[PDB]
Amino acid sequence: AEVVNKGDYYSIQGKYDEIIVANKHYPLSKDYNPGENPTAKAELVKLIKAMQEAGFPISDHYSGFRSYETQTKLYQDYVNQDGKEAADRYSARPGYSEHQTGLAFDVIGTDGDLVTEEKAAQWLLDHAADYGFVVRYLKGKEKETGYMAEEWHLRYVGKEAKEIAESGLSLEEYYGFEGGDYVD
């Protein structure tokens, strides 16, 4: 399968499910505002509960859906200032964040910070797929995904997550769609 332009977004047909694509190559449209995906949200709750039961200090609170308009403001504040290059490196241009899909969620520690502690991060690599999630921005896959590695950013893909995690690949590499940096 190859990506299809469906106007509001590009998507690719996975083994079980349609997979919406949002990255630095394929933006979502300005008007695409699906809010939080309920299926993803219900698995996230379970994921968090299982982390907490394994003893990790993980908050119930998370960063989920973020609209184009909110991302616009957020990206503008970052160029404002840390400059446009720090914005591109650490923020995301509006339309180009997976958070606008409603399928991406950042897990947060009860210490108030995005999860970076090594054992919790590896739990996510090992187990996020049990809840249909993948760790999107893998270590070492910056050229493929376009994004600096993030231990805490999870993307809901559903049943195919286990095969994806076992491959060690980015979604770009796994499904065969384009990634990389902003073309500009």
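One-based numbering along the sequence shown.
*Asks:* Compare the mean C-alpha B-factor of 9-17 with that of 171-179 as given in the PDB entry, and name the stretch with the higher value.
*Replies:* Taking the mean C-alpha B-factor of 9-17 and of 171-179, the larger value falls to 9-17.
*Asks:* Comparing 53-61 with 117-125, where is the mean C-alpha B-factor higher?
*Replies:* Looking at the record's C-alpha B-factors, the answer is 53-61.
*Asks:* C-alpha B factor of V4, ranked within the chain: lowest, middle or highest third?
*Replies:* For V4, whose C-alpha B-factor we compare with every modelled residue in the chain, the answer is the lowest third.
*Asks:* Within this chain's modelled residues, let me know which third the CA B factor of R89 belongs to: lowest, middle or highest.
*Replies:* Tercile = highest for this residue's CA B-factor.
*Asks:* By the recorded C-alpha temperature factor, relative to the other modelled residues in its chain, which third is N37 in?
*Replies:* It belongs to the middle third of the chain when residues are ordered by C-alpha B-factor.
*Asks:* Split into thirds by Cα B-factor across the chain's modelled residues, where does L47 land: lowest, middle or highest?
*Replies:* Middle third, going by the recorded CA B-factors of the chain.
*Asks:* If you rank every modelled residue in this chain by C-alpha B factor, which third holds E98: lowest, middle or highest?
*Replies:* CA B-factor rank for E98: lowest third.
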